[PDB]
Amino acid sequence: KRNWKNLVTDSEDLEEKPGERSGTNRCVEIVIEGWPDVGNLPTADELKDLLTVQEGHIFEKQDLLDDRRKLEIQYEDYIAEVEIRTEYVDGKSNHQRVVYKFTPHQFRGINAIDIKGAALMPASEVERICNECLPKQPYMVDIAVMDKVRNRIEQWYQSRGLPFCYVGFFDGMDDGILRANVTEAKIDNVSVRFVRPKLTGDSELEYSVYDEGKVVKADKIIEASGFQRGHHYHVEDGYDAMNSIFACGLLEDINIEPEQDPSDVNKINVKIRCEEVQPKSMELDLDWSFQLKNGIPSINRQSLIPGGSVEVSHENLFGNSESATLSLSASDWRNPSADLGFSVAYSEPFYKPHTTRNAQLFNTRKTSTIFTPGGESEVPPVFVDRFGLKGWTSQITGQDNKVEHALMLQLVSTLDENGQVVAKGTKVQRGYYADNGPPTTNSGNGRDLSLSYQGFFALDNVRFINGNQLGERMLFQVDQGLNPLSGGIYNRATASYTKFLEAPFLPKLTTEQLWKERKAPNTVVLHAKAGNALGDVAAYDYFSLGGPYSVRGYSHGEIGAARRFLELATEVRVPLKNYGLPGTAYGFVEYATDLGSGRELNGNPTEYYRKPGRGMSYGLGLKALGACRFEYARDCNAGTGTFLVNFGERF
Amino acid sequence: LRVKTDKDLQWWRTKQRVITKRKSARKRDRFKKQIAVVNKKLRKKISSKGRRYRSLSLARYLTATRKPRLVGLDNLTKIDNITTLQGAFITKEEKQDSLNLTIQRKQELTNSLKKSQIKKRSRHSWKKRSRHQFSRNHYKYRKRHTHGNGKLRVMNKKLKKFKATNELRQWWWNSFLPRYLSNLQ
Amino acid sequence: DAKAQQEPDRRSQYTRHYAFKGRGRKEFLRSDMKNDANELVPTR
Amino acid sequence: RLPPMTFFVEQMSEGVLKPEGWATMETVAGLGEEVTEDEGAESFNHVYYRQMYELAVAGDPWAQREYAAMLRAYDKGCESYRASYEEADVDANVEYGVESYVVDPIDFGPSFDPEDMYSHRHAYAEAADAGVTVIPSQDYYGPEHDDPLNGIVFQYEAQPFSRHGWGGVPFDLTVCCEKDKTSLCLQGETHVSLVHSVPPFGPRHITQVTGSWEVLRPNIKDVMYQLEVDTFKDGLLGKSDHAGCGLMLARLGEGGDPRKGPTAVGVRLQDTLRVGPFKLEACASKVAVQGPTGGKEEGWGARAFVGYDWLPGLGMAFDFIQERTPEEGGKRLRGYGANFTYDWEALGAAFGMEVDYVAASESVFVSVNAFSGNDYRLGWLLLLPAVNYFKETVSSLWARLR
Amino acid sequence: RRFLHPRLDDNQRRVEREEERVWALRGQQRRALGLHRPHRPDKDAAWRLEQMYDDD
Amino acid sequence: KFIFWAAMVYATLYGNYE
Amino acid sequence: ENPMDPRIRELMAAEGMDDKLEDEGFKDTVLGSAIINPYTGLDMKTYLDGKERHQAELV
């Protein structure tokens, strides 16, 4: 790269022919003549760096021909004549320089430049752009300086929005003055068109066009758009019109387009197209089965009964945009009462300012963390299966503050790897299952029916200062049992508080370190959590200590179950990007207690599995790729350290 | 039964449904059949354009809703691009002057109304529920990954290469090589 | 009785998976692979 | 302890495949001016510039011109792209302050939980780009009061031995890791593609090497190794005929050592063909697995898809396995199946029908699905299961009143 | 009722004051030229678009 | 049989080129 | 011996099609409104371009 002139080592003593010049025909110099110095065209150097002929390389007649064709076809508004010739720089050698001569279109006398029209552009800069574009000699002036002048003026309007304000024409030209005329258009006509498409298997959509919409009224869109007669057109006006019309929630699509009205160039006509939503939908999914005793395919009347599922959906119930989805699923429609499945979803997005309202009928199966191997070696897992109805309201407020209010009616079952219920937990002693257990539910038969209230409040003031977040975060949760039904009356409350503080045993970063070299500060994290439970709490709602997002380095419920609990944690984080290395390094120490409340639970699970009530751990770690953490943690109840790999950030 | 000639584009779309369904047409047959019979530097990334068989398909969802925001530098706003209090759009030279000027103006360290907030799970309920629903229903109506216009595009490129190979061969043998061998003496 | 006598289910869709845990692993089917295009960019 | 041999037969016969190729740097291919996509042109350019480099090194001014012009476009595109990086960095430092951009948290569906109880753990700063991609891996039954994701899958993809964006050896790698204090899951896969020739320098001739490994502690205490070498060429019977052959080796290393344990060896073929109005794609395979103690067990598998011009909407596929257990003279265990699909539109709805035949147990499975995005006319069949439920309610309500 | 409600109310009030600052700056920008007023939408549209944005 | 010899017919004729 | 370089031939061919589209637009603006034959709908732009054959086929 960069000036191949070591290829021109065919010097004056390395090759010889008796009567002819010897060598290869290399280009050794490119000279550009007649190129105008106007600002809208590139100068001679980057014109030189786009030719097929290169200095120090060889060429032929075809290269000169295609260079002439490309240069003539690229700048036909400004030059339209190039002649290219070569000449030998020395006898008895084939090295020869190539010169390019341009004769641009000229205009035979321009002395002054004037700008006319443009009642929006003040006189303070029209003077300076008329002063900038002046040539020196008056007599032979190139065309392209004309194209420079409007290239100022257009740009000015394009820097201020305004896509319909342009230099129309030049009307001087007989008295020696180049006079640009600026046209500024204004809005004249606002019209609205109503269309809908049609669902087929074709790739091209056909439409049904209406003069008036079925739901929305034609002047409502025009009043919402804010388009007035006698106003300039701004692009942000179109953005605001899009927002205000699309606010209603009943539109699938809308096109805003302004057109020039070519009968009168000072007018603008804006056309609006809008589409309503098609709200109805359904889906049917059937299946059959035929047994071939012989070639007869068994076409009895009690054979065309399917076993599929039905889904029915509707948006825009009750005028506003709230939607409903309904699903049935029976595996045999001649005996539908065997394994009938049912689901209902109802969503309401515009219930209240900053509030949504939802209802759902659904299922959940998860693994119970209470019945885990703590000090006894092996234990059968217990599965919590909930089925039922939940209705809630959600608010986002203060850019991230969250409030959720929920009311729940559910049926809860405890299972063991199957659809078979259990009523007690159990362990193996030698090869035999143990006896009489701690109970898993409140009714003692493994199935419960509960009505509950759930409140959740989250307050976030955390921001990422070049990574490495700073601030504080608080979370609160209340669970209340409302059933006098199989569940009990209980109240279960949890509060957690995390503070990301800048490290006080180190010098603090300044503003130029933050803004120029993009340095992240060193932080400490202080975290507390506490929880209490009053009343009859069932075993699928106990607090569990240990695991990730608890004391690290322990199994997921290794520390015992609890009625009351306290958890403390602190961490020191340094970013490695301040030293060029990727990632961030941290060190932590964590602790949690049940506050001597293991005896408070029904059946005492913390002594059945011989789990301790408290645990402390410490360790080191590296966070590398977003939120991928690699820790080395050390259990202190036992004295063993393990490596861990986790996704997502804690605290 | 012989060979279908005259294949147009509707034929191709009908076949493209089958080509789409090929992946689900494979099932875990084999052990089930055994059970039923035994009883008796540079970085590599995806393309900036979408994929092959390109077609400018439709122009429907051209408009989007923007939020008028404040910017991390002061006295600037943004709805699609940043405007710099005289109505003009901000340039490369103004950005560095604004950053050097806000060195001093960020020294008070007033933290309020963060620029990028921590996003919640239920952030835009309407948008994730129903934004382009007609396009999803329209994909439920015709089951083709590829459009016919991309097929016409790729096919016409291939036919162009075939034709250009034919003129290269005819030009070579009838024009270039006789002249080259004549110039060799 | 005829429908429930075939307690072996309908044959389900095949995917390449690992032997021990059955997580899916990527396939090279031609009718899908012929649509793919990649490029190279410099790093920062 | 090895997997059943039907697993290997299904894995080695899955259709007509196609390997990994070269990806091009778009600013230097088609020097300066904008381009379009075509496989043959990019494949030509990659081998063309290596050839012109060799000729330019040997001498040859006509090759030196082409290689220098490519170098000029390469420098211009690289400087433009780093300028775009600087502009994007300045724009981000203007739009946010010293603050960073934060991702969306993962959606796990509904729960009987307040659904932002742990959503603050999956909202993190980006990092933008480092070469690898990460996804979290989730289990079927998570813990009750926590998030279900447990492991991390890493993905990497590169093209190492290139000169100036004219690549060599497409390469990619994928590792799933789940580590805690009890168990350890570690799966991995790597693919390497080697291109021997492209037209007009030859025919399209590409080989591909795949390796994979499986570790799952403390359940299995053995590790699983697989290696596949498979080669494709366009031709061998006619113009543009996509043929390919391949072999597979596998072992269950005892204690992790790859020198001891049961082994599996298999080979496969693929082809396409067009006769009359019938286009067919077929593949076949044979596996010769070793048992735990019994010895040789062999199996045959085959798949076929019969595309048809007329009636271009009927899809039909055929599949076959043959089993050869010991006492091979009287234990040939066959199995074959057929699959047909079609697709209609009627009543404002899109219908799709699938007919499946298993042919060991003579059963025909028919499954029709419909979708009406226009009206609820499709719900008239919903009166069929609603009657019988009433006939199972009154008959219950009679028996509950006795 | 004594700790959580006024904190959320204060944060929300800061959010509407920031929005009013945005619209004051837009009006000042269009006053710097010789143009018209930016024509903001009403409050119903404000909370509805707060549920249904496409860009931030 | 069928996928041992013809599984080496393709291997031999792929070796016949390269 | 010196054919026109491709990438230039196709670029000028595409720009020639742009010129043809602008030609049809300007001619339909100026001449497309006057009626020559009222029984068949033949207009001056079709008539003076020598396209009366097309008009009979279109009817």
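Note that the chains are named A, B, C, D, E, F and G in the order they appear, and that numbering of residues resets to 1 at the start of each chain.
The definition used in the following text is that a residue touches a chain if its C-beta (ideal position, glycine included) is under 8 Å from a C-beta of that chain, and two chains touch if they have at least 3 such contacts.
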{"item": "Fewest hops from chain F to chain G - one hop per pair of touching chains", "value": "3"}
{"item": "Remotest chain, chain D as reference, centres from CA atoms", "value": "G"}
{"item": "Reference chain C; chain at largest CA-centroid distance", "value": "G"}
{"item": "Chain D and chain F, separation of their C-alpha mean positions in angstrom", "value": "26"}
{"item": "CA centroid of chain D to CA centroid of chain E, Å", "value": "48"}
{"item": "CA centroid of chain D to CA centroid of chain G, Å", "value": "51"}
{"item": "Touching two or more other chains - residues of chain B", "value": "22, 26-29, 32, 36, 42-44, 47-49, 52, 64-66, 87, 99, 106, 113-120, 122-123, 125-126, 137, 141-142"}
{"item": "Sites on chain E at which at least two other chains make contact", "value": "14-15, 33, 35, 49, 51-52"}
{"item": "Multi-partner residues of chain D (at least 2 other chains)", "value": "10, 14-15, 23, 25-26, 37, 93, 99-100, 102-103, 115-116, 120, 129, 131, 159, 162, 165, 337, 345, 350, 356, 358, 361, 363, 365, 367, 371, 373"}
{"item": "Parts of chain A lying in touch with chain G, wherever the complex brings them together", "value": "61-62, 65-66, 69-70, 73"}
{"item": "Residues on chain D engaged by chain B in the complex (per definition of touch)", "value": "4, 6, 9-10, 14-15, 23, 25-26, 36-38, 40, 87, 90, 93-97, 99-105, 107, 115-116, 119-120, 123, 129, 131, 157-159, 162, 165, 276-277, 301, 303, 305, 307, 309-310, 312-315, 317, 319, 321, 323, 333-337, 339, 341, 343, 345, 350, 352, 356, 358-361, 371, 373"}
{"item": "Contact footprint of chain D on chain C as seen in their complex", "value": "6, 8, 10-11, 14, 16, 18-21, 23, 25-30, 33-34, 37-44"}
{"item": "Chain B-touching residues of chain E, taken from the complex the two chains share", "value": "14-15, 18, 21-23, 25-26, 28-30, 32-33, 35, 49, 51-56"}
{"item": "Chain A residues touching chain C - in the complex, by the definition given at the top", "value": "287, 289, 291, 298, 307, 332"}
